[PDB]
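1. missing the sequence, but the structure's below:
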Ligand SMILES: *CCC(=O)NCc1ccc2cnn(C)c2c1
């Protein structure tokens with residue numbers, strides 16, 4: 001077997017000539033020549049079986065990505081693993097090879113308004129499909145948006161995804177949360193478990209803002225600082241939006257703050273298209289009930305050049321996990337990962 005930077009990368013015979021791309025939360029990722037389809041592919045090595053939350057995240061990614069089929073969602077082309085549970089220590093996920101991701105692109109490249117528009121359209125087109133399956137991505141951010149050399153965009157990393165559950169979204173103030181801080185909606189810190197579709201729209205708003213300036217709009221340094229940043233731009237919530245937060249700890253925290261006025265988007269983003277800023281405003285609405293939904297966003301004038309609901313497909317059915325994954329021991333989750341990956345064995 002080939003090794004890559006002091007690590008077995010055990011994918012042959014089918015996949016050879018491994019060129020390391022980089023490490024991450026996604027383990028070691030390499031490109032490799034696929035000797036059957038005669039193209040280079042991406043392959044990511046996952047070693048989750050010791051840690052139960054690693055197993056949960058791995059199983060979610062696999063189950064979701066295998067069920068979904070959409071141009072703006074990364075597919076799984078193949079999964080390589082040992083023929084038996086006893087011998088399975090790693091899983092390799094094979095996907096279409098992408099040139100970059102939006103995190104890397106924003107570090108290095110100014111985006112034209114046409115590119116921002118097209119990227120935003122593709123993110124929302126993919127999100128329409130995900131939400132139509134009653135799934136929440138819950139960790140949308142630049143590093144989870146992959147792009148090929150022709151700027152086709154694909155959403156990746158469904159490791160924190162959940163089925164939507166609005167009736168059980170309410171929680172107390174300062175409840176701990178897992179998804180990436182800079183892209184978290186204000187309500188996460190106040191009264192929300194992130195079980196509604198509005199959570200993803202906030203992240204997309206943050207991504208739009210970041211495309212406009214190449215800098216994160218709300219770069220918080222810790223849990224409550226994130227809310228400081230959001231209120232620093234949106235200004236103090238209205239009485240009506242405050243009255244929607246029934247929880248007294250969360251309500252009174254907001255009431256304790258000095259009055260802050262809204263920073264106009266056109267002063268933060270003087271070069272931005274005015275239609276882009278009108279849509280941005282609607283995605284970065286404080287009150288999640290008044291926040292724009294994905295299908296409304298697609299229909300917004302900013303996206304008129306691309307909008308075509310007949311070519312923005314939805315999922316054939318709602319998604320459901322077989323059972324809750326949070327209570328399952330890792331030995332059941334290893335067996336589930338083994339079963340979910342069986343279709344790729346010869
Ligand atoms: C969702 C984020 C992720 O999986 N990133 C890893 C990755 C890096 C490079 C690359 C090229 N083609 N694909 C697919 C990837 C994935």
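-> That came through, no problem. Residues are numbered from 1 along each chain as shown.

2. in terms of helices and strands, where is residue 319?
-> Per DSSP states H and E, residue 319 falls between elements, in no helix or strand.

3. now do the same contact list for it.
-> Listed by CB atoms under 8 Å, 6 or more residues apart in numbering, the contact set of residue 319 reads 64, 67, 133, 134, 135, 163. C-beta here means a position set from N, CA and C on the backbone, and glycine is covered the same way.

4. what does residue 299 give?
-> Contacts here follow CB under 8 Å, 6+ apart; on that basis residue 299 touches 307, 309.

5. and it, how far is that from the ligand?
-> Distance of residue 299 to the ligand, given as CB to the nearest ligand atom, to the nearest Å: 28 Å.

6. how about that residue, phi and psi?
-> Dihedral pair for residue 299: phi -80, psi 0, per degrees, to the nearest 10.

7. let me see the ranges of the helices in the stretch 1-150 of the chain.
-> 52-67, 102-108, 113-132 (DSSP state H, counting those that start in this stretch).

8. tell me, how many residues neighbour the residue of the stretch 151-300 of the chain found nearest the ligand?
-> Using CB to the nearest ligand atom, residue 156 is the residue of the stretch 151-300 of the chain that sits closest to the ligand, at 2.8 Å. Residues near residue 156, counting by other CB atoms under 10 Å, number 20.

9. OK, contacts around the closest residue to it other than its chain neighbours?
-> Counting by CB to CB, 6 or more residues apart in numbering, residue 156 lies nearest to residue 74, which is 4.3 Å off, once chain neighbours are set aside. For residue 74, the contact set (CB under 8 Å, 6+ apart) comprises 65, 95, 96, 98, 146, 154, 155, 156.

10. which of the residues you listed sit farthest apart?
-> 65 and 98 (14.3 Å; CB to CB).

11. on that earlier part again, looking at the contacts of residue 74, which are in strands?
-> 95, 96, 146, 154, 155 (DSSP state E).

12. residue 22: which of those residues is nearest?
-> Residue 22 has its nearest neighbour among the ones in strands among the contacts of residue 74 in residue 146, at 12.9 Å by CB to CB.

13. which stretches of the stretch 101-250 of the chain form strands?
-> In the stretch 101-250 of the chain, the strands defined using DSSP state E, counting those that start in this stretch lie at 135-136, 145-147, 153-155, 162-163.

14. re earlier: so the residue of the stretch 151-300 of the chain closest to the ligand touches residue 147, yeah?
-> No. In this structure, residue 156 is not within contact of residue 147 by CB atoms under 8 Å, at 10.8 Å.

15. okay if I get the ones in strands among the contacts of residue 74 as JSON lines plus neighbour count?
-> Shown next, in JSON lines, are the ones in strands among the contacts of residue 74 (neighbours: other CB atoms under 10 Å):
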{"residue": "95", "neighbour count": "19"}
{"residue": "96", "neighbour count": "16"}
{"residue": "146", "neighbour count": "23"}
{"residue": "154", "neighbour count": "22"}
{"residue": "155", "neighbour count": "22"}
